[PDB]
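Visitor: pasting the first chains of the complex, positions unchanged:
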Amino acid sequence: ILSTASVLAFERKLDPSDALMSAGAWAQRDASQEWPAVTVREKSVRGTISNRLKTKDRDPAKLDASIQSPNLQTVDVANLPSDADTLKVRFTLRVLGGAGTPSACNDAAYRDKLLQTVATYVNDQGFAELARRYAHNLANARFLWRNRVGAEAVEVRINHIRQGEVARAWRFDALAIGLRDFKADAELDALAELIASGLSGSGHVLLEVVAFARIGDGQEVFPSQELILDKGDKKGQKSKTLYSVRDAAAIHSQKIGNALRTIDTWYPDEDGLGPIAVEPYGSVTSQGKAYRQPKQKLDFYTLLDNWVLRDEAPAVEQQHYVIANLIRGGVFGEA
Amino acid sequence: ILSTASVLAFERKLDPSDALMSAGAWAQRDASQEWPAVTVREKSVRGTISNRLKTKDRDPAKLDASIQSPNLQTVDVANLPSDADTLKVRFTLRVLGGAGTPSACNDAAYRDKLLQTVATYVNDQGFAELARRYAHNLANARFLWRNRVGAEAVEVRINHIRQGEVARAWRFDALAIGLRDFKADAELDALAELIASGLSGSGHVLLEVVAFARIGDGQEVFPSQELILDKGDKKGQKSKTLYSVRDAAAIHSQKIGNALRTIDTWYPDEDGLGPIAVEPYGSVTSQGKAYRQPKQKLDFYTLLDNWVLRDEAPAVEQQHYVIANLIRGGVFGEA
Amino acid sequence: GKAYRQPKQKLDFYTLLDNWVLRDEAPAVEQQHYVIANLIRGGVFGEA
Amino acid sequence: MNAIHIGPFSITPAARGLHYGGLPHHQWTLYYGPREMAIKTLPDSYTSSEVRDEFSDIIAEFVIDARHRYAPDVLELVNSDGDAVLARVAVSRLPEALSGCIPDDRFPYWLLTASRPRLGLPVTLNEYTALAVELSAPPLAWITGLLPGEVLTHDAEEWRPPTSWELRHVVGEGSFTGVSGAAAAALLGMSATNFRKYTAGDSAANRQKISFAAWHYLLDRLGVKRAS
């Protein structure tokens, strides 16, 4: 009857590293190899009562008493130097290949059927649309999450590191290439073919991606935020902790991977939001909602079950979504 | 009637050490003795639910509430430095003699018959094919389990250590020697002869195995993982722990032994699925399938019983499998 | 150490925003200037 | 001696014994299906009751952790202020109209989740009564978290009959419901021998697989699913 496998673990393609933040001045970014790193430091914040009150704390005496005892805490803060207006963020990306092959599979017949399904996809249309959209999210600085919202000029440089050396160099204007449209461009097409060769398994590709953002002198930059155990004293609370590896502000690799993953424009709801990350049940953390609900028969699992088990191939857009979710990887199958 | 003895404890031949894993740059890998160790650090991860729902969680409001309350974890993560692109993994291997001799037994007659059977095996065909296959799982960096999947270039260096100094050095291109075929090669033949002399008990063999791989600049490396006690909160859950010896990321010695143990290409299914580690009942945990089922007459216990008790010698491949199980050791015997 | 625009006199940011958006009761132009300034400063508005 | 079966659990002894002190001993290991839970070295002079009492605490903490892990999510009926809880209902699933909500004064009654980011909608007492009637959770709804989703589905084409081990979660005296097999057969209007044929071990020739309607009516009558 060819039921689905209980264990369907997949390994991820498109492996990014931690993205390190350094700082410097515009028009000296061609010699940015020795730019000083952005350092996460401590500052003190004093806050008032600015949250909603539950109809019992709205008493004027209680509210004023809460004012007389403000919350004192220290926060991890990352800022550019006062003589530097450009933020440099550098990471390396490795594209593996072999997306349809699971890392663990209970059923051999289901494994073979899934391999035939993915091979039929690649033979019909290869990793060309998906790689083009991944190259688009590389060209624009979407991995530069909050450091791009107010940057005046953003430039992304992507190199192909073959034997430890730049075999091919790309330079992009990350603001001309927006965060909404997946258009066509010759350099975008070349990077798309490179990522396609990586995803197909034709050759080994390693991409060094460097983004420069002209934000301003001494302006705040935004690395990834860590978890606080919340055990110390209230005055030295450490309400905000920033991610660094060796005294250098950094962005988590999975955040970079999530920003590169933002290629899903095929979800049933409208195009007002634009692309979203290719996740099962189309989850967006900021909106707190799930596009591609399982009730709407457009999530990853129902589409994969219809495509593989019972040969109901969906539309080519949903096929792109399914293959991008297999590239994304995850612990599929019933636990 | 020569019944089977009630304890058959066997000591492990091919005893490896914990493989310590460190980082550096290619073409300085000859002077890699002072490379800094890869350290195990912690990062914070946030994600939404991407697993299959129980058909009870398919209600849209539950999914939206789970997205609005995402799970928070801190994980041990091992990375190369942002200035290093090569990972060096080093372990020492000991090849011991006296494979057929058990460490514990209840029956003098059974142990005499077993020793005679192993002796007539070694006389008819010594440890030549088995050591040939072992040399391969060392010449290909199969002990670099997930550190080999997308590595651009992998090489291994095996040094024969006699009186604490290198007696003979081997250098192999680990990507040239595949993970599937046991071909013939002169340096591989010499290493196989050395391992055969170690297994035969005719000499002391200690090998220093060093592997270098182009994972990438700052990319993630994969040491061995520990258990999670789950005795903490659900936000700082510590969902993943990695293995370290003295602050250097490391791989368990049993994982290395399994990696070198992957020589079984004689199971009744097709060998096009690849070699398997020699085990009783041919178990693969990732695939959840038992090759060499006891229902078929090709498992280790029935083969050992037929060969020894009633002199039903199997095919030379199946007796290679039996002697490989005797080399790997194990608590055999009934209870 | 005191709070002008108490929630009791219905001139705080939250009541004005709720009346303007939900009930469509637009406040005075000064009060909506204050509300938009509160939107400019940012915040973690919205309790459970 | 012999293996002790307590619902889904099994206490199997080691085949070979040992001597601790001057007295013979065997190691008794506790299982939950294939999951080994604990091992204890116990004297050979213990009876089955003492061996069971040795693992009763581990079984009890397993039961407590299973009740707290798979407890049904709770909906709360609040007033316009959103502070005072007027009624609490535990539901098997949430209403599909739940969105991010803070109660207003435009509506007197609001139904909200007990989860910290609260989801809700304005509700009347008639609508709240209807939702509580058609969404409530049975008192033993936590046992469904210990069962796979392919035995608890109402879709007959996606349904699989439960195994003997999955039956013993709810049918035995050492099970999580605490009813006997004869009581379970009386609930289904079935002979006790026919129902024992359902929970027969693998070392048996007469084994029967329970049907869709019988299994789901058993779950209804046991208070596990579809009982509100």
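Guide: Sure, I can see it. Residues are numbered from 1 along each chain as shown, chains lettered A, B, ... in the order given.
Visitor: What are the boundaries of the helices in chain D?
Guide: D:48-69, D:125-135, D:164-167, D:181-187, D:192-196, D:212-222 (DSSP state H).
Visitor: do the longest one and chain B meet?
Guide: No. No part of helix D:48-69 sits close enough to chain B to count as contact by CB under 8 Å from any CB of the partner chain; the gap is at least 10.5 Å. Backbone N, C-alpha and C define where each C-beta goes, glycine included.
Visitor: List the buried residues of that helix.
Guide: Using 16 or more other CB atoms under 10 Å in any protein chain shown as the test for burial, helix D:48-69 gives D:51, D:52, D:54, D:55, D:59, D:62, D:66.
Visitor: Now for the residue nearest to residue A:167 when sequence neighbours are not counted, how many residues are close by?
Guide: Excluding the flanking residues, the one nearest residue A:167 by CB to CB, 6 or more residues apart in numbering or on different chains is residue A:160, at 4.7 Å. When neighbours are counted by other CB atoms under 10 Å in any protein chain shown, residue A:160 registers 18.
Visitor: any idea how far residue A:160 lies from chain D?
Guide: 44 Å (CB to the nearest CB, to the nearest Å).
Visitor: so who does that residue touch?
Guide: A:166, A:167, A:168, A:169, A:194, A:205, A:206, A:207 (CB atoms under 8 Å, 6 or more residues apart in numbering or on different chains).
Visitor: and chain E, same structure:
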Amino acid sequence: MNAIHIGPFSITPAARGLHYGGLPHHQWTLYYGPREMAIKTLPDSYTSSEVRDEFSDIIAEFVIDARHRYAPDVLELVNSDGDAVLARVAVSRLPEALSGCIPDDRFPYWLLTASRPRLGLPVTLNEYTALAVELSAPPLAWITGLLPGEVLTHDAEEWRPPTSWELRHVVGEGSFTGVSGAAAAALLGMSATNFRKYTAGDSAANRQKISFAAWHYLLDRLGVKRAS
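Guide: Placing chain E onto the earlier chains gives this:
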């Protein structure tokens, strides 16, 4: 011609005929089991779907009367005065602790009956929702008045399997629920060919009886009983 069977109804023709006017004519007799409701003389030129339409209004009146005379008892939730009805729920059985009551001020919520000698019980909202969940009535609970009390009982020793005619009340194209035999079989997770053996009549070869669990689960799924 042929005897038209519409669920529990059966329009059988007269064996002899007559000539009213000049056209051929036959006497068609509506039946509710062994009960005769109407005789209507009709031509032979009418099709079966037109005699069905001719007899449809009497069947509709019968269904209206059956739904009205077997409507479940309605409970009313009122304030501390008894004038305003905050919520009403139809129940299959009354609460155990009802006594003759007039609401007063010492309790804010009162659960009174809809019958004019109003029995009542002081409740809070949580206990009111518990009672509503426990005691609620399914939407098609009025069909239980047309069924014997020994086929609806939950006691297995006093339970009698429904006949084919009593089964046509709840399954069939012209049944009181309107669900087909295939849909009923899909609800029970069985084949339609086996359910047709349940609904088979006058064919003594291969006719089966429904079981306790299957019958009560079917009544659960159709919305007739056990849907509190």
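Visitor: try the buried residues of helix D:48-69 again now we have chain E.
Guide: D:51, D:52, D:54, D:55, D:59, D:62, D:66.
Visitor: and it with chain A, contact?
Guide: No. Remark: helix D:48-69 sits outside contact range of chain A, by CB under 8 Å from any CB, the gap being at least 13.5 Å.
Visitor: what does that helix rub up against?
Guide: By CB under 8 Å, 6+ apart, the surrounding residues in contact with helix D:48-69 are D:1-2, D:4, D:6, D:9, D:11, D:28, D:30, D:32, D:37-38, D:40, D:42, D:46, D:142-143, D:145-146, D:176.
Visitor: can you rerun that using 6 Å?
Guide: With CB atoms under 6 Å, 6 or more residues apart in numbering or on different chains as the test, helix D:48-69 has contacts from D:4, D:11, D:28, D:30, D:38, D:40, D:42, D:142, D:146.
Visitor: What residues does chain D have near chain B?
Guide: Neighbours of chain B within chain D, by CB under 6 Å from any CB of the partner chain: D:15, D:16, D:93, D:94, D:96, D:98, D:115, D:117, D:119, D:149, D:153.
Visitor: Excluding chain neighbours, what is closest to the fourth one?
Guide: Once flanking residues are discounted, residue D:94 sits nearest to residue B:61: 3.7 Å by CB to CB, 6+ apart.
Visitor: The one you found contacts residue D:93, doesn't it?
Guide: No. The criterion here is CB atoms under 6 Å, and residue B:61 misses it with residue D:93 at 7.9 Å.
Visitor: DNA strand F comes next; put it on the structure above:
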DNA sequence: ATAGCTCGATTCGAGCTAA
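Guide: Below, DNA strand F sits with the chains from the block before:
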């Protein structure tokens, strides 16, 4: 959707043992 069939396999009840 109604109405009914055959045929081999599975279930079912009421005896029984076994503890």
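Visitor: Take the contacts of residue A:160 again, DNA strand F included.
Guide: Counted by CB under 6 Å, 6+ apart, residue A:160 has contacts A:167, A:168.
Visitor: Just give me how far the helix or strand hosting it sits from the chain centre.
Guide: Per DSSP states H and E, residue A:160 falls inside strand A:153-161. Between the centre of strand A:153-161 and the centre of its chain there are 17 Å (CA atoms, centre = their mean, to the nearest Å).
Visitor: And stretch A:241-256, by the same measure?
Guide: Centroid displacement of stretch A:241-256 relative to its chain, using CA atoms, centre = their mean, is 13 Å.
Visitor: For it, measure first residue to last.
Guide: This stretch, stretch A:241-256, spans 19 Å end to end (CA to CA, to the nearest Å).
Visitor: nearest spatial neighbour of residue A:187, skipping sequence neighbours?
Guide: Per CB to CB, 6+ apart, closest to residue A:187 is residue A:170, 5.8 Å.
Visitor: Helix or strand for that neighbour, just tell me which one.
Guide: Going by DSSP H and E, residue A:170 is part of strand A:166-173.
Visitor: That strand pairs with which strands, parallel or anti?
Guide: strand A:153-161 (antiparallel) (DSSP bridges).
Visitor: Could you look up the SS state of whichever residue of chain A sits closest to chain C?
Guide: As assessed by CB to the nearest CB, chain C sits closest to residue A:52 within chain A, at 3.7 Å. Following DSSP: H, G, I helix; E, B strand; the rest coil, we place residue A:52 in the coil state.
Visitor: Fine by me, we can end here.
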